[PDB]
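**Q** Coordinates for the following, if possible.
(2 chains, ligands or ions: 2)
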Amino acid sequence: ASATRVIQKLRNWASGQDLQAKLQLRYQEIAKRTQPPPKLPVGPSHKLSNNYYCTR
Amino acid sequence: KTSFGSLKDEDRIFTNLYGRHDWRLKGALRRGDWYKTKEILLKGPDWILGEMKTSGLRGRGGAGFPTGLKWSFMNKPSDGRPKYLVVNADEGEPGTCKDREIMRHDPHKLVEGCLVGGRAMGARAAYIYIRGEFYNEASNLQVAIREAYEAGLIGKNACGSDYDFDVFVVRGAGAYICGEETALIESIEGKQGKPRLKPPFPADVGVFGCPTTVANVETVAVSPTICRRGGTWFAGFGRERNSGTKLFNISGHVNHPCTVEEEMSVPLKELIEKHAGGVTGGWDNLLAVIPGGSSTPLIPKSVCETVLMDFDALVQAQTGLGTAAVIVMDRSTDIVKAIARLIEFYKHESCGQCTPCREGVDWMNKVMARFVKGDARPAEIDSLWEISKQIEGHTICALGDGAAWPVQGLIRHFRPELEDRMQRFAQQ
Ligand SMILES: Cc1cc2nc3c(=O)[nH]c(=O)nc-3n(C[C@H](O)[C@H](O)[C@H](O)COP(=O)(O)O)c2cc1C
Ligand code: SF4
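**A** Numbers count the residues shown, from 1 in each chain, chains lettered A, B, ... in the order given. Ligands and ions are numbered 1, 2, ... in the order given. This is the structure:
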């Protein structure tokens, strides 16, 4: 992120293509590390009725 | 042979169902009992069962099965054991008062009919099991039996007849389950009122391991005058498959609740309107009726105007007749509360030996209370239907059926009220 705009130019020329947009490192574009709690869903066979294990 | 429910007093086979003339012998003898009983007995046993089979007399207890066939299951001789006759009077199902009202006010009909049933079958004696709460009624009955023994109608020479008989009065201790054929038998034997599996049948091995056929009060009380007046006359009234007179107990939300003897296959509306005058607020104020006591589902008023009080009709209406104890609701009462109360009853009165009625009745009790309060959601209604269907034919005795049927009657005819109570509780 810090490449003083002329070394950025040097590396983008020697490489062949802009890499300041596609960087090997991670600064702030990542999913953060403490998150909200989820509510995971519940699959079928939780029907509460018309659901007998002999049928499925 | 069409639209016949009303009749006169020559046919009233319970001439003193209101205690208005006399219950003792002197006063009952006038009303046509103990008249030709020697001739009846010495006519023959098979003649009696023929009169029964021609009368088309179905069991006037809960489960209506044709007598004659039932009583003929121990016409065979005895292979080294005595035979017995258990008269059932544990009138514990809600709404049912008829057996009380005959127990008092006409015991001698019962006594002579029980004798007649024994000699039609074979029986050393009889055991009249009667509810423990019916103390005074049982004492009236014991007094009647004592008068009979004194007058010489029972004992070493039962009205002569070359046939000896006794009549005992066993006294229960307050449990609805002891009305079943087999819980009754075990209670007489001196144990808990826990039914047996059926097989074995009481006619091969019953009370004290001896043959028996259990019978209800009126089922036998109408036997002697049937023999005295023929199966043609008893079968002339009522439809061809379910015939005869019928005691009708009426309760709840009607101006004049009463017990009535009436013609079988009478419409429910004719019955309610003639006797026990119109329901509170009239027919339009009717909401639902239970024709049996409590082991029969509901009726929604859509098939109250076009239904006959019969076994076959109510079976066609996805319902059933039991002891015919009509109960009425009149739009001014929470119905789910009533059925929840019935299931609370069926929980209290369970014996508990077989798992479905032990647990699932308590399930349904809790869930129906939760439905009363509205603390459930409609995905549980069909779950509870499934619970009912699990309980139905998975039991030793038909108390699980009786617990499950009102549930189905409410789910079939009153589901939107459950929906409304649920959405009300959810909103609030
Ligand atoms: C839980 C339960 C309770 C019953 N209670 C009675 C009762 O109190 N009185 C009665 O006559 N039958 C009762 N029955 C039905 C009896 O099996 C029936 O009366 C008996 O078999 C005689 O049938 P009958 O009408 O042919 O004489 C009950 C059945 C069950 C399953
Ligand atoms: S259904 Fe209930 S009362 Fe009948 S045998 Fe089972 S547990 Fe006992």
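**Q** Can you tell me, leaving aside adjacent residues, what's nearest to the residue nearest the centre of chain B?
**A** Closest residue to the average C-alpha location of chain B: residue B:61 at 2.8 Å, with CA atoms, centre = their mean. Leaving aside its sequence neighbours, residue B:61 sits nearest to residue B:216 (CB to CB, 6 or more residues apart in numbering or on different chains; 3.8 Å). No exception for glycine: its C-beta is placed from N, CA and C like everyone else's.
**Q** My guess is that neighbour contacts residue B:58. True?
**A** No. Residue B:216 is not in contact with residue B:58 according to CB atoms under 8 Å; the separation is 11.0 Å.
**Q** Quick check, the residue in chain A closest to ligand 2?
**A** residue A:52 (22.3 Å; CB to the nearest ligand atom).
**Q** Report the buried residues of the lengthiest helix in chain B.
**A** Scanning chain B for the helix with the most residues, using DSSP state H, yields helix B:135-151. Neighbour-count burial for helix B:135-151, counted by 16 or more other CB atoms under 10 Å in any protein chain shown, picks out B:137-138, B:140-142, B:144-145, B:147-148.
**Q** Format those residues as TSV; extra columns: distance to chain A.
**A** Below are the buried residues of helix B:135-151 laid out as TSV (distance: CB to the nearest CB, whole Å):
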residue	distance to chain A
B:137	47
B:138	48
B:140	52
B:141	50
B:142	54
B:144	55
B:145	55
B:147	61
B:148	58
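**Q** What helices and strands are in contact with the following helix or strand past the longest helix of chain B?
**A** Scanning forward in sequence from helix B:135-151 by DSSP states H and E, the next helix or strand is strand B:166-168. Contacts defined by 3 or more CB pairs under 8 Å, 6 or more residues apart in numbering or on different chains; DSSP states H and E place strand B:166-168 against helix B:107-120, strand B:125-130.
**Q** Residues contacting the last one, please?
**A** Outside of strand B:125-130, the residues that reach it under the criterion CB atoms under 8 Å, 6 or more residues apart in numbering or on different chains are B:84-90, B:103, B:110, B:114-115, B:117-118, B:137-138, B:141, B:165-172, B:178, B:184, B:187-188, B:207.
**Q** quick one: the strands in the chain?
**A** You didn't say which chain, so I picked chain A. Using DSSP state E, chain A contains no strands.
**Q** right idea, wrong chain: chain B
**A** Under DSSP E, chain B gives strands at B:84-89, B:125-130, B:166-168, B:212-216, B:245-251, B:259-263, B:288-290, B:325-329.
**Q** check contacts around residue B:132.
**A** Residue B:132 touches B:171-174, counting by CB under 8 Å, 6+ apart.
**Q** which of those residues are buried?
**A** For the contacts of residue B:132, buried by 16+ other CB under 10 Å: residue B:172.
**Q** In the stretch 301-428 of chain B, what residue lies closest to chain A?
**A** residue B:382 (3.9 Å; CB to the nearest CB).
**Q** Near that residue, how many other residues are there?
**A** Neighbour count for residue B:382, taken as other CB atoms under 10 Å in any protein chain shown: 15.
**Q** Would you agree it is in contact with residue A:50?
**A** Yes. Under the criterion of CB under 8 Å, residue B:382 makes contact with residue A:50 at 6.8 Å.
**Q** Now do the shared contacts for the two.
**A** With CB under 8 Å, 6+ apart, residue B:382 and residue A:50 have no common neighbours.
**Q** next one: phi and psi at the closest residue to the residue of the stretch 301-428 of chain B closest to chain A other than its chain neighbours?
**A** Spatially, and ignoring its direct neighbours in sequence, residue B:382 is nearest to residue A:49 (3.9 Å; CB to CB, 6+ apart). Main-chain dihedrals, residue A:49, degrees, to the nearest 10: phi -170, psi 150.
**Q** so what's residue A:49 up against?
**A** Contacts here follow CB under 8 Å, 6+ apart; on that basis residue A:49 touches B:379-380, B:382-383, B:385-386.
**Q** Now, of those residues, which are buried?
**A** B:380, B:383, B:385.
**Q** Find the nearest non-adjacent residue to the second one, please.
**A** Right, the one you point to is residue B:383. Take residue B:383 and drop its neighbours on the chain: the residue closest to it by CB to CB, 6+ apart is residue A:49, 4.5 Å away.
**Q** before we move on, what about the last one?
**A** Here the nearest residue to residue B:385 in space, its sequence neighbours aside, is residue B:411; by CB to CB, 6+ apart that works out to 5.6 Å.
**Q** so that neighbour makes contact with residue B:386?
**A** No. Residue B:411 is beyond contact range of residue B:386, at 10.9 Å (criterion: CB under 8 Å).
**Q** from the stretch 151-300 of chain B, which residue is nearest to chain A?
**A** Using CB to the nearest CB, the single residue of the stretch 151-300 of chain B nearest to chain A is residue B:297, 19.9 Å away.
**Q** Please name the residues that touch that residue.
**A** Contacts of residue B:297 by CB under 8 Å, 6+ apart are B:290, B:318-320, B:405-406, B:408-410, B:412.
**Q** tell me, how many neighbours does the nearest residue to it once chain neighbours are set aside end up with?
**A** Closest residue to residue B:297 apart from its sequence neighbours, by CB to CB, 6+ apart: residue B:409 at 2.4 Å. Neighbours of residue B:409 under the rule other CB under 10 Å: 20.
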